[PDB]
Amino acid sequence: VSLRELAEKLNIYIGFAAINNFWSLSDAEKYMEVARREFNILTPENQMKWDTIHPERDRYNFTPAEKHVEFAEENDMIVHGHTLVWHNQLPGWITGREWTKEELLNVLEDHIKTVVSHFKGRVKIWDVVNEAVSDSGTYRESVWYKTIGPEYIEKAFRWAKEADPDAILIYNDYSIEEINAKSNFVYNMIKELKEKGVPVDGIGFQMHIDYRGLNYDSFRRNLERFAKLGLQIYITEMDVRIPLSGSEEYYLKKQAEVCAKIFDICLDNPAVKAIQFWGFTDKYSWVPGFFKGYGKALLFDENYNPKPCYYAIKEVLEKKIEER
C-alpha cells in the first residue's frame, strides 16, 4: 500500500516538493515513478517563484510551472503554489532599484493577480505570503515591509482571493511549530487579519526540523489554537535532518521516531489537511547546502530505497485507519 492510498482513506493529502526540471533529470524516469506511486499533492520547489515566473518587469514565463501542473494533473495530484510574496530570490528588476509605496504596491498586485489568474482553478492551495516574520517575533524588514509597511500582507491575500475565490490561501513559515515568540506573533497577526475579514484560509508549518524533534506538547497546543481561529492546517516543507557523522543507524532510528510522532499528532487534529516533505529522496535535497554538516533528511535514500522513517509513517497511517 502506498502513502497516497492511505492518505485517501484518511481524507488527507501526502506529498512532496518537485525539483527544477525534474522531467529532464538524468534519472527523471525513476524520480517521476516514485513520485506518482507515493504522493497526491505537489509543490514546485522553485519554478513558481518570482525569478523564474516573472524574470523581467513586463515578462512572464509560465512554461516551467505548467510542466509541474501537467505532471500533477496527469497523476491525480492537486497542486500547491509557492510562493507569491517572499524576500529571497527576487529578480534584479526588483532589487536593483529604489521604490516608493505606491509603485511597489502596484507591482505586487500585478504579480499576484497575473500569476493566480493564470492558474485559476488548477492550483488548489497558494502560499500567499512566505516568511514575513523575523526570528525575534517582529516583522521581517524585507523590501516589501520597508517600502509598503505591514499592509502588504493583508493586500496580498485580498488580491489573491479576487484572482481565484476557490483557492485556499495560506501564510507559510518556519520555526513556528511550537508555541514561542515567533508563532505568538504569527498567531496575533493572523487573528487580526481574519477579524478584519482578510481571506487567510489556512496556515502552513514548514517543519524543517532535526532528529531531536520538537516539544510535542507545545506543538499539539499550537495546532489547537490555530485551528480555533478557523484555519485549515498544512505541514508544508517537512524534512528531518541528521548529522552526516557518527552512527547513521542511530540517527535514522531517531528520524523515524520523530516522523511517526509528528504524523500521530497531526492526524489527531482534523484541521490538518495535508503533510508534505521538502522533496522525497536524499539525492535531491536543499538540506546539505543550507545546514552545514547535516543531510539525509528525507523518506528515500540516494538509490530511491525506503528508509526507516518511511515505514514508521506508513504504520502510523495504517493504525489510524484501523482505529476508525
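Residue positions are given as counts along the sequence shown, with the first one as 1.
Note on 70-78 vs 240-248: mean CA B-factor is higher in 240-248. In this crystal structure, the stretch out of 98-106 and 80-88 whose C-alpha atoms carry the higher mean B factor is 98-106. In this entry, the residue among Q232, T138, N172, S218 with the greatest C-alpha B factor is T138. Across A312, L10, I19, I14, the entry's maximum B-factor at the CA atom is seen for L10. Sort the modelled residues of the chain by CA B factor and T43 lands in the lowest third. In this PDB entry, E178 carries a Cα temperature factor that places it within the lowest third of its chain's modelled residues. In the PDB entry, a CA B factor belonging to the middle third of its chain's modelled residues is recorded for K161.
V258: CA B factor lies in the lowest third for its chain, per the PDB record. Sorting the modelled residues of the chain by their CA temperature factor places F290 in the highest third.
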